[PDB]
$ cat start_35.cif   # mmCIF, C-alpha atoms and all ligand atoms; chains and numbers go by the auth columns
data_entry
#
loop_
_atom_site.group_PDB
_atom_site.id
_atom_site.type_symbol
_atom_site.label_atom_id
_atom_site.label_comp_id
_atom_site.label_asym_id
_atom_site.label_seq_id
_atom_site.Cartn_x
_atom_site.Cartn_y
_atom_site.Cartn_z
_atom_site.B_iso_or_equiv
_atom_site.auth_seq_id
_atom_site.auth_asym_id
ATOM 1 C CA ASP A 1 124.278 78.285 85.097 0.00 27 A
ATOM 2 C CA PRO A 2 123.980 82.072 85.279 0.00 28 A
ATOM 3 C CA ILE A 3 122.563 82.348 88.810 0.00 29 A
ATOM 4 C CA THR A 4 123.015 78.776 90.039 0.00 30 A
ATOM 5 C CA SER A 5 126.667 79.732 90.465 0.00 31 A
ATOM 6 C CA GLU A 6 125.522 82.904 92.208 0.00 32 A
ATOM 7 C CA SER A 7 123.990 80.733 94.930 0.00 33 A
ATOM 8 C CA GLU A 8 127.414 79.120 95.331 0.00 34 A
ATOM 9 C CA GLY A 9 128.761 82.393 96.703 0.00 35 A
ATOM 10 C CA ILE A 10 125.857 82.622 99.138 0.00 36 A
ATOM 11 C CA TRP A 11 126.243 79.017 100.293 0.00 37 A
ATOM 12 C CA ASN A 12 130.001 79.431 100.729 0.00 38 A
ATOM 13 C CA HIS A 13 130.372 82.889 102.278 0.00 39 A
ATOM 14 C CA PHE A 14 127.376 82.680 104.617 0.00 40 A
ATOM 15 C CA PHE A 15 127.391 78.993 105.575 0.00 41 A
ATOM 16 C CA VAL A 16 130.430 76.905 104.627 0.00 42 A
ATOM 17 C CA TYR A 17 133.196 79.497 105.077 0.00 43 A
ATOM 18 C CA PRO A 18 132.067 80.539 108.570 0.00 44 A
ATOM 19 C CA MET A 19 131.495 76.914 109.607 0.00 45 A
ATOM 20 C CA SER A 20 134.863 75.880 108.181 0.00 46 A
ATOM 21 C CA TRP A 21 136.450 78.851 109.953 0.00 47 A
ATOM 22 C CA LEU A 22 135.058 77.906 113.370 0.00 48 A
ATOM 23 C CA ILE A 23 136.386 74.348 113.110 0.00 49 A
ATOM 24 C CA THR A 24 139.901 75.306 111.984 0.00 50 A
ATOM 25 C CA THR A 25 140.184 78.188 114.464 0.00 51 A
ATOM 26 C CA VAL A 26 139.303 76.114 117.538 0.00 52 A
ATOM 27 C CA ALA A 27 141.373 73.169 116.284 0.00 53 A
ATOM 28 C CA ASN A 28 144.479 75.333 115.898 0.00 54 A
ATOM 29 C CA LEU A 29 143.931 76.758 119.380 0.00 55 A
ATOM 30 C CA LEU A 30 143.769 73.201 120.721 0.00 56 A
ATOM 31 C CA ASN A 31 146.900 72.083 118.839 0.00 57 A
ATOM 32 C CA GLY A 32 145.382 70.640 115.670 0.00 58 A
ATOM 33 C CA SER A 33 142.659 68.775 117.546 0.00 59 A
ATOM 34 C CA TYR A 34 139.740 68.716 115.117 0.00 60 A
ATOM 35 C CA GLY A 35 137.985 66.143 117.282 0.00 61 A
ATOM 36 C CA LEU A 36 137.691 68.505 120.238 0.00 62 A
ATOM 37 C CA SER A 37 137.033 71.309 117.758 0.00 63 A
ATOM 38 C CA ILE A 38 133.919 69.598 116.390 0.00 64 A
ATOM 39 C CA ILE A 39 132.713 69.014 119.955 0.00 65 A
ATOM 40 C CA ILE A 40 133.170 72.609 121.133 0.00 66 A
ATOM 41 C CA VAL A 41 131.879 74.308 117.969 0.00 67 A
ATOM 42 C CA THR A 42 128.765 72.108 118.048 0.00 68 A
ATOM 43 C CA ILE A 43 128.132 73.163 121.652 0.00 69 A
ATOM 44 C CA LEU A 44 128.688 76.792 120.644 0.00 70 A
ATOM 45 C CA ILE A 45 125.995 76.553 117.964 0.00 71 A
ATOM 46 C CA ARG A 46 123.643 74.733 120.343 0.00 72 A
ATOM 47 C CA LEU A 47 124.229 77.540 122.852 0.00 73 A
ATOM 48 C CA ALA A 48 123.269 80.228 120.336 0.00 74 A
ATOM 49 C CA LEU A 49 120.188 78.202 119.415 0.00 75 A
ATOM 50 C CA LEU A 50 119.268 77.693 123.077 0.00 76 A
ATOM 51 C CA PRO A 51 116.912 80.685 123.348 0.00 77 A
ATOM 52 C CA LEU A 52 115.384 79.655 120.022 0.00 78 A
ATOM 53 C CA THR A 53 114.803 76.109 121.290 0.00 79 A
ATOM 54 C CA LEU A 54 113.076 77.357 124.453 0.00 80 A
ATOM 55 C CA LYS A 55 110.603 79.395 122.402 0.00 81 A
ATOM 56 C CA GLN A 56 109.805 76.277 120.371 0.00 82 A
ATOM 57 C CA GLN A 57 109.349 74.026 123.405 0.00 83 A
ATOM 58 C CA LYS A 58 106.977 76.655 124.775 0.00 84 A
ATOM 59 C CA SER A 59 104.882 76.428 121.603 0.00 85 A
ATOM 60 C CA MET A 60 104.777 72.628 121.747 0.00 86 A
ATOM 61 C CA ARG A 61 103.736 72.714 125.400 0.00 87 A
ATOM 62 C CA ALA A 62 101.136 75.369 124.561 0.00 88 A
ATOM 63 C CA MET A 63 99.590 72.931 122.085 0.00 89 A
ATOM 64 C CA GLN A 64 99.115 70.484 124.960 0.00 90 A
ATOM 65 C CA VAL A 65 97.107 73.152 126.786 0.00 91 A
ATOM 66 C CA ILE A 66 94.505 73.551 124.036 0.00 92 A
ATOM 67 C CA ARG A 67 94.194 69.782 123.576 0.00 93 A
ATOM 68 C CA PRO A 68 90.759 69.676 125.250 0.00 94 A
ATOM 69 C CA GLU A 69 89.574 72.105 122.563 0.00 95 A
ATOM 70 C CA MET A 70 91.267 69.976 119.902 0.00 96 A
ATOM 71 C CA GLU A 71 89.584 66.853 121.263 0.00 97 A
ATOM 72 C CA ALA A 72 86.152 68.505 121.408 0.00 98 A
ATOM 73 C CA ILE A 73 86.243 69.827 117.837 0.00 99 A
ATOM 74 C CA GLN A 74 87.367 66.377 116.660 0.00 100 A
ATOM 75 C CA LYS A 75 84.379 64.712 118.346 0.00 101 A
ATOM 76 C CA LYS A 76 82.050 67.097 116.502 0.00 102 A
ATOM 77 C CA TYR A 77 83.324 65.773 113.163 0.00 103 A
ATOM 78 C CA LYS A 78 84.235 62.231 114.252 0.00 104 A
ATOM 79 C CA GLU A 79 80.686 60.838 114.278 0.00 105 A
ATOM 80 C CA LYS A 80 80.130 62.281 110.804 0.00 106 A
ATOM 81 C CA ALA A 81 81.480 60.435 107.763 0.00 107 A
ATOM 82 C CA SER A 82 84.887 62.074 107.321 0.00 108 A
ATOM 83 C CA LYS A 83 87.933 60.997 105.278 0.00 109 A
ATOM 84 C CA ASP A 84 86.556 62.851 102.225 0.00 110 A
ATOM 85 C CA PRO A 85 88.308 66.054 101.024 0.00 111 A
ATOM 86 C CA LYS A 86 85.179 68.192 101.504 0.00 112 A
ATOM 87 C CA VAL A 87 84.642 67.294 105.167 0.00 113 A
ATOM 88 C CA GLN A 88 88.386 67.078 105.821 0.00 114 A
ATOM 89 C CA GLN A 89 88.877 70.660 104.635 0.00 115 A
ATOM 90 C CA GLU A 90 86.133 71.866 106.980 0.00 116 A
ATOM 91 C CA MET A 91 87.951 70.332 109.950 0.00 117 A
ATOM 92 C CA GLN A 92 91.258 71.902 108.898 0.00 118 A
ATOM 93 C CA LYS A 93 89.602 75.325 108.722 0.00 119 A
ATOM 94 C CA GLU A 94 88.017 74.935 112.161 0.00 120 A
ATOM 95 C CA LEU A 95 91.244 73.500 113.567 0.00 121 A
ATOM 96 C CA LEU A 96 93.327 76.361 112.173 0.00 122 A
ATOM 97 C CA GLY A 97 90.905 78.873 113.670 0.00 123 A
ATOM 98 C CA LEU A 98 91.540 77.349 117.088 0.00 124 A
ATOM 99 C CA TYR A 99 95.286 77.871 116.642 0.00 125 A
ATOM 100 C CA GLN A 100 94.783 81.439 115.406 0.00 126 A
ATOM 101 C CA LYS A 101 92.560 82.566 118.285 0.00 127 A
ATOM 102 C CA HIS A 102 94.802 80.977 120.921 0.00 128 A
ATOM 103 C CA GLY A 103 97.966 82.246 119.231 0.00 129 A
ATOM 104 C CA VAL A 104 99.498 78.830 118.591 0.00 130 A
ATOM 105 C CA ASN A 105 101.575 77.832 115.562 0.00 131 A
ATOM 106 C CA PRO A 106 101.245 74.162 114.500 0.00 132 A
ATOM 107 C CA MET A 107 104.300 74.651 112.274 0.00 133 A
ATOM 108 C CA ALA A 108 106.414 74.706 115.446 0.00 134 A
ATOM 109 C CA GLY A 109 106.830 70.933 115.278 0.00 135 A
ATOM 110 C CA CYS A 110 108.792 70.920 112.025 0.00 136 A
ATOM 111 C CA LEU A 111 110.508 74.264 112.635 0.00 137 A
ATOM 112 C CA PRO A 112 113.760 72.790 114.028 0.00 138 A
ATOM 113 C CA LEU A 113 114.041 70.824 110.764 0.00 139 A
ATOM 114 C CA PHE A 114 114.251 74.108 108.851 0.00 140 A
ATOM 115 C CA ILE A 115 117.068 75.278 111.126 0.00 141 A
ATOM 116 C CA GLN A 116 119.059 72.058 111.516 0.00 142 A
ATOM 117 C CA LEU A 117 119.263 71.167 107.815 0.00 143 A
ATOM 118 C CA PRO A 118 121.317 74.220 106.791 0.00 144 A
ATOM 119 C CA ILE A 119 123.683 73.693 109.731 0.00 145 A
ATOM 120 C CA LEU A 120 123.979 69.964 109.012 0.00 146 A
ATOM 121 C CA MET A 121 124.839 70.598 105.359 0.00 147 A
ATOM 122 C CA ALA A 122 127.194 73.448 106.267 0.00 148 A
ATOM 123 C CA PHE A 123 128.998 71.188 108.733 0.00 149 A
ATOM 124 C CA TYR A 124 129.245 68.344 106.212 0.00 150 A
ATOM 125 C CA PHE A 125 130.555 70.666 103.493 0.00 151 A
ATOM 126 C CA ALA A 126 133.069 72.296 105.842 0.00 152 A
ATOM 127 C CA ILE A 127 134.328 68.862 106.897 0.00 153 A
ATOM 128 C CA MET A 128 134.780 67.525 103.362 0.00 154 A
ATOM 129 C CA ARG A 129 136.390 70.699 101.997 0.00 155 A
ATOM 130 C CA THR A 130 138.864 70.828 104.890 0.00 156 A
ATOM 131 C CA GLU A 131 141.576 68.476 103.622 0.00 157 A
ATOM 132 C CA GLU A 132 143.555 68.291 106.879 0.00 158 A
ATOM 133 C CA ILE A 133 140.855 66.299 108.691 0.00 159 A
ATOM 134 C CA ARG A 134 140.712 63.056 106.696 0.00 160 A
ATOM 135 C CA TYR A 135 143.970 61.891 108.300 0.00 161 A
ATOM 136 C CA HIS A 136 143.073 62.994 111.836 0.00 162 A
ATOM 137 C CA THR A 137 141.866 60.286 114.222 0.00 163 A
ATOM 138 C CA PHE A 138 139.723 60.806 117.323 0.00 164 A
ATOM 139 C CA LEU A 139 139.480 58.107 120.012 0.00 165 A
ATOM 140 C CA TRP A 140 138.956 54.963 117.925 0.00 166 A
ATOM 141 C CA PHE A 141 137.587 56.454 114.700 0.00 167 A
ATOM 142 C CA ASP A 142 138.889 58.483 111.762 0.00 168 A
ATOM 143 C CA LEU A 143 137.222 61.890 111.404 0.00 169 A
ATOM 144 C CA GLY A 144 137.106 61.641 107.611 0.00 170 A
ATOM 145 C CA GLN A 145 136.175 57.971 107.371 0.00 171 A
ATOM 146 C CA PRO A 146 132.966 56.083 108.295 0.00 172 A
ATOM 147 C CA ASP A 147 132.739 54.162 111.576 0.00 173 A
ATOM 148 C CA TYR A 148 130.770 51.108 112.717 0.00 174 A
ATOM 149 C CA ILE A 149 130.274 52.106 116.359 0.00 175 A
ATOM 150 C CA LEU A 150 129.611 55.865 116.401 0.00 176 A
ATOM 151 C CA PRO A 151 126.507 55.734 114.157 0.00 177 A
ATOM 152 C CA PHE A 152 124.868 53.327 116.613 0.00 178 A
ATOM 153 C CA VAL A 153 125.743 55.616 119.521 0.00 179 A
ATOM 154 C CA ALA A 154 124.217 58.533 117.611 0.00 180 A
ATOM 155 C CA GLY A 155 121.013 56.557 117.096 0.00 181 A
ATOM 156 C CA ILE A 156 120.621 55.753 120.787 0.00 182 A
ATOM 157 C CA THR A 157 121.189 59.330 121.971 0.00 183 A
ATOM 158 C CA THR A 158 118.818 60.575 119.264 0.00 184 A
ATOM 159 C CA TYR A 159 116.213 58.161 120.620 0.00 185 A
ATOM 160 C CA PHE A 160 116.789 59.280 124.214 0.00 186 A
ATOM 161 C CA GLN A 161 116.631 62.936 123.141 0.00 187 A
ATOM 162 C CA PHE A 162 113.139 62.601 121.674 0.00 188 A
ATOM 163 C CA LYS A 163 112.202 60.298 124.557 0.00 189 A
ATOM 164 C CA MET A 164 112.711 63.024 127.168 0.00 190 A
ATOM 165 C CA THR A 165 111.130 65.865 125.186 0.00 191 A
ATOM 166 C CA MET A 166 107.866 64.003 124.571 0.00 192 A
ATOM 167 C CA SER A 167 105.750 64.541 127.692 0.00 193 A
ATOM 168 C CA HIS A 168 102.628 62.578 128.632 0.00 194 A
ATOM 169 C CA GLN A 169 103.050 60.542 113.794 0.00 217 A
ATOM 170 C CA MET A 170 104.659 60.291 117.232 0.00 218 A
ATOM 171 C CA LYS A 171 105.910 56.775 116.484 0.00 219 A
ATOM 172 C CA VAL A 172 107.866 57.888 113.408 0.00 220 A
ATOM 173 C CA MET A 173 110.149 60.310 115.265 0.00 221 A
ATOM 174 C CA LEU A 174 111.294 57.975 118.055 0.00 222 A
ATOM 175 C CA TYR A 175 111.155 54.569 116.338 0.00 223 A
ATOM 176 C CA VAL A 176 111.912 55.254 112.666 0.00 224 A
ATOM 177 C CA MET A 177 114.226 58.279 112.812 0.00 225 A
ATOM 178 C CA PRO A 178 116.822 56.770 115.185 0.00 226 A
ATOM 179 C CA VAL A 179 117.391 53.730 112.949 0.00 227 A
ATOM 180 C CA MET A 180 117.437 55.986 109.885 0.00 228 A
ATOM 181 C CA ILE A 181 120.122 58.090 111.575 0.00 229 A
ATOM 182 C CA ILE A 182 122.303 55.025 112.172 0.00 230 A
ATOM 183 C CA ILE A 183 121.979 53.929 108.540 0.00 231 A
ATOM 184 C CA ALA A 184 122.958 57.397 107.314 0.00 232 A
ATOM 185 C CA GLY A 185 125.740 57.583 109.896 0.00 233 A
ATOM 186 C CA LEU A 186 127.294 54.386 108.560 0.00 234 A
ATOM 187 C CA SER A 187 127.420 55.865 105.052 0.00 235 A
ATOM 188 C CA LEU A 188 128.820 59.210 106.211 0.00 236 A
ATOM 189 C CA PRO A 189 132.100 60.434 107.774 0.00 237 A
ATOM 190 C CA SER A 190 132.398 59.851 111.532 0.00 238 A
ATOM 191 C CA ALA A 191 132.641 63.622 112.003 0.00 239 A
ATOM 192 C CA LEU A 192 128.886 63.949 111.471 0.00 240 A
ATOM 193 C CA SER A 193 128.035 61.181 113.945 0.00 241 A
ATOM 194 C CA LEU A 194 130.271 62.767 116.578 0.00 242 A
ATOM 195 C CA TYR A 195 128.629 66.099 115.713 0.00 243 A
ATOM 196 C CA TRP A 196 125.233 64.426 116.063 0.00 244 A
ATOM 197 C CA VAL A 197 126.064 62.684 119.351 0.00 245 A
ATOM 198 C CA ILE A 198 127.212 65.903 121.040 0.00 246 A
ATOM 199 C CA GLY A 199 124.125 67.633 119.660 0.00 247 A
ATOM 200 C CA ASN A 200 121.897 65.045 121.316 0.00 248 A
ATOM 201 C CA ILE A 201 123.781 65.093 124.629 0.00 249 A
ATOM 202 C CA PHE A 202 123.466 68.886 124.728 0.00 250 A
ATOM 203 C CA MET A 203 119.704 68.640 124.240 0.00 251 A
ATOM 204 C CA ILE A 204 119.387 65.871 126.837 0.00 252 A
ATOM 205 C CA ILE A 205 121.230 67.863 129.504 0.00 253 A
ATOM 206 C CA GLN A 206 119.285 71.007 128.584 0.00 254 A
ATOM 207 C CA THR A 207 115.888 69.317 128.858 0.00 255 A
ATOM 208 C CA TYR A 208 116.947 67.904 132.226 0.00 256 A
ATOM 209 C CA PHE A 209 118.070 71.189 133.787 0.00 257 A
ATOM 210 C CA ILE A 210 115.802 73.563 131.873 0.00 258 A
ATOM 211 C CA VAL A 211 112.118 72.665 131.856 0.00 259 A
ATOM 212 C CA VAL A 212 109.717 75.000 130.067 0.00 260 A
ATOM 213 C CA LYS A 213 106.581 75.897 131.997 0.00 261 A
ATOM 214 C CA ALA A 214 103.199 75.726 130.297 0.00 262 A
ATOM 215 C CA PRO A 215 101.549 79.075 129.521 0.00 263 A
ATOM 216 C CA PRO A 216 98.194 79.718 131.239 0.00 264 A
ATOM 217 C CA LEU A 217 95.012 79.370 129.176 0.00 265 A
ATOM 218 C CA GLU A 218 94.320 83.011 130.039 0.00 266 A
ATOM 219 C CA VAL A 219 97.480 84.009 128.164 0.00 267 A
ATOM 220 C CA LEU A 220 96.487 82.084 125.032 0.00 268 A
ATOM 221 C CA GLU A 221 92.905 83.379 124.909 0.00 269 A
ATOM 222 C CA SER A 222 94.216 86.927 125.360 0.00 270 A
ATOM 223 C CA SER A 223 96.231 86.728 122.136 0.00 271 A
ATOM 224 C CA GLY A 224 96.016 89.727 119.816 0.00 272 A
HETATM 225 CU CU CU B . 134.141 78.454 93.296 0.00 1 B
HETATM 226 CU CU CU B . 133.363 85.524 96.684 0.00 2 B
#
$ encode --input "start_35.cif" --output "structure tokens" --more "lines below"
Ligand SMILES: [Cu+2]
Ligand SMILES: [Cu+2]
Amino acid sequence: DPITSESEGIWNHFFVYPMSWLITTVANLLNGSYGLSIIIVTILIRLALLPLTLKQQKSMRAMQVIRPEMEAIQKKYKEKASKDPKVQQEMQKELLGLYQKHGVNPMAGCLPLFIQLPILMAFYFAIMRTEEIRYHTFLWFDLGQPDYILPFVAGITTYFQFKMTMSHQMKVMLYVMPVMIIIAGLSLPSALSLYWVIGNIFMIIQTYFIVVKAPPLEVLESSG
């Protein structure tokens, strides 16, 4: 009550207001087209996050490099009776030390989640607060009303997105998350699905044209 309303100002001024501003600005430039506005603004955000994404894909690919060391340390503890919290903690400590020495962050895998969630919520809030969108229609769907086709499209492109990024826990992201996206998409305004679809397509095209190269082992072992 005293400071929970103080966070309202932070959430509005720093997240919702700018997000809501981007949508309305582009839409008014394109003659009230909020459909094309959502598309362009989404691409704009994905463009600003492009260098950030590259740094993350580099970290993921760096983890693949030290996999022989991850395999070896696992073997050392595999033959021993594990599963117990005492032996499990020992493995975690030895595993973490491998990441530290080679300058690799295992938190890189769930890092995009920390960045997407605020943007997703900001987009959703900006859409709902903007009253002049619920009557706008794009293609075959209403921007303020749920759709029965778009959520399925969003689930396929989400699947394909993860499909390309995963080079030669894994099962959850590509087989559980896409169906969970579709379910959520059906119970949410079509604006989010469209927003999600474009987001996926951007990532798919990016991964196709821009491939991150794996850092040499020499680079990792020479970490400060
Ligand atoms: Cu208020
Ligand atoms: Cu204020």
$ closest_residue --input "start_35.cif" --among "A:36, A:146, A:190, A:141" --to "ligand CU 2 (chain B)" --atoms "all atoms listed in the file"
A:36
$ residues_near_ligand --input "start_35.cif" --ligand "ligand CU 1 (chain B)" --cutoff "12 Å" --atoms "all atoms listed in the file" --output "count of residues only"
12
$ atom_distance --input "start_35.cif" --atom1 "CA of residue 84 in chain A" --atom2 "CA of residue 134 in chain A"
9.5 Å
$ residues_around --input "start_35.cif" --residues "range 256-264 of chain A" --least-positions-apart "3" --cutoff "6 Å" --atoms "only C-alpha atoms" --output "MDAnalysis selection string"
chainID A and resid 87 253 267
$ resolve_selection --input "start_35.cif" --expression "the PyMOL selection byres (((chain A and resi 222) around 12) and not hetatm)" --output "list in words"
residues 181, 182, 183, 184, 185, 186, 187, 188, 189, 190, 191, 192, 217, 218, 219, 220, 221, 223, 224, 225, 226, 227, 228 and 229 of chain A
$ residues_around --input "start_35.cif" --residues "residue 67 in chain A" --least-positions-apart "6" --cutoff "9 Å" --atoms "only C-alpha atoms" --output "ChimeraX atom specification"
/A:45,48-49,52
$ atom_distance --input "start_35.cif" --atom1 "CA of residue 128 in chain A" --atom2 "CA of residue 265 in chain A"
8.4 Å
$ resolve_selection --input "start_35.cif" --expression "the PyMOL selection byres (((chain A and resi 151) around 12) and not hetatm)" --output "ChimeraX atom specification"
/A:37-38,41-47,49,144-150,152-157,170,236-237,239-240
$ resolve_selection --input "start_35.cif" --expression "the PyMOL selection byres (((chain A and resi 60) around 12) and not hetatm)" --output "ChimeraX atom specification"
/A:46-59,61-68,152-153,156-165,168-170,239,242-243
$ residues_around --input "start_35.cif" --residues "range 94-104 of chain A" --least-positions-apart "2" --cutoff "10 Å" --atoms "only C-alpha atoms" --output "ChimeraX atom specification"
/A:89-92,106-109,113-114,116-117,120-121,124-125
$ atom_distance --input "start_35.cif" --atom1 "CA of residue 270 in chain A" --atom2 "CA of residue 130 in chain A"
11.8 Å
$ axis_aligned_box --input "start_35.cif" --around "range 143-151 of chain A" --padding-each-side "8 Å" --output "JSON"
{"center_x": 124.9, "center_y": 71.3, "center_z": 106.6, "size_x": 27.3, "size_y": 21.9, "size_z": 22.2}
$ closest_residue --input "start_35.cif" --among "A:140, A:244, A:40, A:178" --to "ligand CU 2 (chain B)" --atoms "all atoms listed in the file"
A:40
$ residues_near_point --input "start_35.cif" --point "(95.8, 85.5, 121.9)" --cutoff "6 Å" --atoms "only C-alpha atoms" --output "NGL selection string"
:A and (127-129 or 268-272)
$ decode --input "start_35.cif" --residues "range 146-246 of chain A" --atoms "C-alpha atoms" --output "PDB file, in the first residue's frame"
ATOM      1  CA  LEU A 146       6.145  -9.554 -22.632  1.00  0.00           C
ATOM      2  CA  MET A 147       4.298  -8.047 -19.665  1.00  0.00           C
ATOM      3  CA  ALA A 148       5.011  -4.499 -20.849  1.00  0.00           C
ATOM      4  CA  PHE A 149       3.618  -5.352 -24.281  1.00  0.00           C
ATOM      5  CA  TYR A 150       0.519  -7.003 -22.804  1.00  0.00           C
ATOM      6  CA  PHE A 151      -0.127  -4.057 -20.479  1.00  0.00           C
ATOM      7  CA  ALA A 152       0.399  -1.511 -23.261  1.00  0.00           C
ATOM      8  CA  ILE A 153      -2.039  -3.415 -25.479  1.00  0.00           C
ATOM      9  CA  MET A 154      -4.801  -3.668 -22.873  1.00  0.00           C
ATOM     10  CA  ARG A 155      -4.475  -0.064 -21.675  1.00  0.00           C
ATOM     11  CA  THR A 156      -4.605   1.258 -25.244  1.00  0.00           C
ATOM     12  CA  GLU A 157      -8.366   1.408 -25.818  1.00  0.00           C
ATOM     13  CA  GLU A 158      -8.211   2.126 -29.563  1.00  0.00           C
ATOM     14  CA  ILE A 159      -6.907  -1.352 -30.423  1.00  0.00           C
ATOM     15  CA  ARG A 160      -9.764  -3.624 -29.326  1.00  0.00           C
ATOM     16  CA  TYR A 161     -11.792  -2.600 -32.389  1.00  0.00           C
ATOM     17  CA  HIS A 162      -8.896  -2.811 -34.856  1.00  0.00           C
ATOM     18  CA  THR A 163      -8.709  -5.937 -37.019  1.00  0.00           C
ATOM     19  CA  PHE A 164      -5.593  -7.335 -38.697  1.00  0.00           C
ATOM     20  CA  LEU A 165      -5.868  -9.870 -41.538  1.00  0.00           C
ATOM     21  CA  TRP A 166      -8.465 -12.300 -40.175  1.00  0.00           C
ATOM     22  CA  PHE A 167      -8.178 -11.646 -36.436  1.00  0.00           C
ATOM     23  CA  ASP A 168      -9.103  -8.898 -33.979  1.00  0.00           C
ATOM     24  CA  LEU A 169      -6.101  -7.368 -32.200  1.00  0.00           C
ATOM     25  CA  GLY A 170      -7.948  -7.138 -28.884  1.00  0.00           C
ATOM     26  CA  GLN A 171      -9.758 -10.467 -29.078  1.00  0.00           C
ATOM     27  CA  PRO A 172      -8.481 -14.081 -28.919  1.00  0.00           C
ATOM     28  CA  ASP A 173      -8.006 -16.099 -32.115  1.00  0.00           C
ATOM     29  CA  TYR A 174      -8.136 -19.815 -32.936  1.00  0.00           C
ATOM     30  CA  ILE A 175      -5.507 -19.859 -35.691  1.00  0.00           C
ATOM     31  CA  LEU A 176      -2.732 -17.468 -34.618  1.00  0.00           C
ATOM     32  CA  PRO A 177      -1.903 -19.283 -31.346  1.00  0.00           C
ATOM     33  CA  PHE A 178      -1.226 -22.471 -33.318  1.00  0.00           C
ATOM     34  CA  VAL A 179       1.000 -20.562 -35.738  1.00  0.00           C
ATOM     35  CA  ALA A 180       2.887 -19.108 -32.769  1.00  0.00           C
ATOM     36  CA  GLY A 181       3.435 -22.599 -31.371  1.00  0.00           C
ATOM     37  CA  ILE A 182       4.900 -23.936 -34.610  1.00  0.00           C
ATOM     38  CA  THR A 183       7.319 -21.035 -35.107  1.00  0.00           C
ATOM     39  CA  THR A 184       8.326 -21.281 -31.443  1.00  0.00           C
ATOM     40  CA  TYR A 185       9.095 -24.955 -32.037  1.00  0.00           C
ATOM     41  CA  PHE A 186      11.102 -24.209 -35.186  1.00  0.00           C
ATOM     42  CA  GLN A 187      12.975 -21.424 -33.377  1.00  0.00           C
ATOM     43  CA  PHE A 188      14.283 -23.743 -30.662  1.00  0.00           C
ATOM     44  CA  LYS A 189      14.782 -26.455 -33.287  1.00  0.00           C
ATOM     45  CA  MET A 190      17.373 -24.416 -35.195  1.00  0.00           C
ATOM     46  CA  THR A 191      19.213 -23.046 -32.156  1.00  0.00           C
ATOM     47  CA  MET A 192      19.822 -26.477 -30.620  1.00  0.00           C
ATOM     48  CA  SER A 193      22.942 -27.846 -32.322  1.00  0.00           C
ATOM     49  CA  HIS A 194      24.124 -31.463 -32.231  1.00  0.00           C
ATOM     50  CA  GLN A 217      15.684 -30.792 -19.870  1.00  0.00           C
ATOM     51  CA  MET A 218      16.115 -30.388 -23.628  1.00  0.00           C
ATOM     52  CA  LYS A 219      12.792 -32.124 -24.283  1.00  0.00           C
ATOM     53  CA  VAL A 220      10.821 -29.622 -22.188  1.00  0.00           C
ATOM     54  CA  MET A 221      11.756 -26.567 -24.266  1.00  0.00           C
ATOM     55  CA  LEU A 222      10.881 -27.944 -27.714  1.00  0.00           C
ATOM     56  CA  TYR A 223       8.051 -30.370 -26.898  1.00  0.00           C
ATOM     57  CA  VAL A 224       6.291 -28.889 -23.859  1.00  0.00           C
ATOM     58  CA  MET A 225       6.784 -25.137 -24.321  1.00  0.00           C
ATOM     59  CA  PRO A 226       5.316 -24.900 -27.847  1.00  0.00           C
ATOM     60  CA  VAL A 227       2.026 -26.528 -26.801  1.00  0.00           C
ATOM     61  CA  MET A 228       1.973 -24.404 -23.643  1.00  0.00           C
ATOM     62  CA  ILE A 229       2.379 -21.306 -25.818  1.00  0.00           C
ATOM     63  CA  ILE A 230      -0.622 -22.276 -27.952  1.00  0.00           C
ATOM     64  CA  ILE A 231      -2.791 -22.838 -24.873  1.00  0.00           C
ATOM     65  CA  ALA A 232      -1.821 -19.439 -23.462  1.00  0.00           C
ATOM     66  CA  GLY A 233      -2.255 -17.835 -26.879  1.00  0.00           C
ATOM     67  CA  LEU A 234      -5.843 -19.059 -27.080  1.00  0.00           C
ATOM     68  CA  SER A 235      -6.635 -17.411 -23.739  1.00  0.00           C
ATOM     69  CA  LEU A 236      -4.896 -14.142 -24.623  1.00  0.00           C
ATOM     70  CA  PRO A 237      -5.472 -11.304 -27.135  1.00  0.00           C
ATOM     71  CA  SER A 238      -4.273 -12.037 -30.682  1.00  0.00           C
ATOM     72  CA  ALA A 239      -1.860  -9.107 -30.372  1.00  0.00           C
ATOM     73  CA  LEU A 240       0.459 -11.221 -28.217  1.00  0.00           C
ATOM     74  CA  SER A 241       0.425 -14.173 -30.623  1.00  0.00           C
ATOM     75  CA  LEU A 242       1.230 -11.877 -33.544  1.00  0.00           C
ATOM     76  CA  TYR A 243       3.933 -10.322 -31.349  1.00  0.00           C
ATOM     77  CA  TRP A 244       5.193 -13.821 -30.559  1.00  0.00           C
ATOM     78  CA  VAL A 245       5.117 -15.020 -34.178  1.00  0.00           C
ATOM     79  CA  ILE A 246       7.183 -12.078 -35.444  1.00  0.00           C
TER      80      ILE A 246
END
